[PDB]
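Heads up, the chain shows up twice below as structure tokens, two forms, tagged structure 1 and structure 2.
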Structure 1
């Protein structure tokens, strides 16, 4: 099909979709917009939020709804319906946590203090839960990579910009990041993609 992804020049909420396209070797236009193109584009959107994906002219929204859509009937989705559920559950747990950050906060001091609170308390807690859930197993769910592993590497990459020692006491989670990053299609993508802070 013909696919067109629209988001800011940023990893953010679009990146999970970018990894999926890359891993599944699906071609798409990676359209990145600047703030100036936003009000213009926003008003055409049924819900006014990005990312959105247009597939043969039909517009789709919600990053995770779209990511799930793309992994349908592939091994990335989870091998059984039970695994697919654990994949969905791990993905929302991580997403619920990232949504806790005041990404849009205009007051720099408030933003800093809130980030520090979340990274000092909530983050190490969530990290112990993920570490224990993963155990000494290879991937978060089942015995092959799923887009939950993808989401983990993506969410952690962003949290590490702000608290670089976040995984210093979690070697098993660092190992998971490296396994994901080393998947050839993902390793390729990570090298080609635009460099942006978020």
Structure 2
């Protein structure tokens, strides 16, 4: 099929889809929009949010819903029904935290204060829960890479921009990130992608 991903010039919520496309060696158009053109585009969308993915003229929305669509019946999904459940739960746990940030807040002082709070007060507990959960496994779920591992590397990348010391007490989580980054198709993408703060 012919793929067109539309999002802002950011890793943000589209990056998961971009890692999946890279790892699965699928070609697509990486369409990035400027903020000023967002109002026009937004007004033409059923739910007025991005990312969206067009597949042969059919518009799909919701970043995680798209990621599950693309990973279904590939080695990136869980190896069993229950593993699939753990993949989705780790993703959801990560998403629940990232969703707390007021990404679109216009008042800068209120925005950074909110960011500071979540990063200082909430992030360290997620890291603990994640670390303990990882236990002695090589990957978050089962015996091989899943898109939950990709989501972890993506989310932590952004958390580290704001809070570089986040993983100082979590070498096992630092190792997980490196393992994802060392995957040749993901490594190539990380190397090739437009460098953005977020």
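Rigid core (definition): largest C-alpha set, two forms, superposition within 1.5 Å. Residue numbers count along the first chain shown, from 1.
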Establish whether a shift of 2 Å or more occurs at the C-alpha of residue 108 between structures 1 and 2, with the two forms superposed on the rigid core. yes
Enter the rigid core superposed C-alpha shift of residue 32 between structures 1 and 2, rounded to one decimal in Å. 0.4
Rigid core fit between structures 1 and 2: Cα deviation of residue 119 in angstrom: 1.7
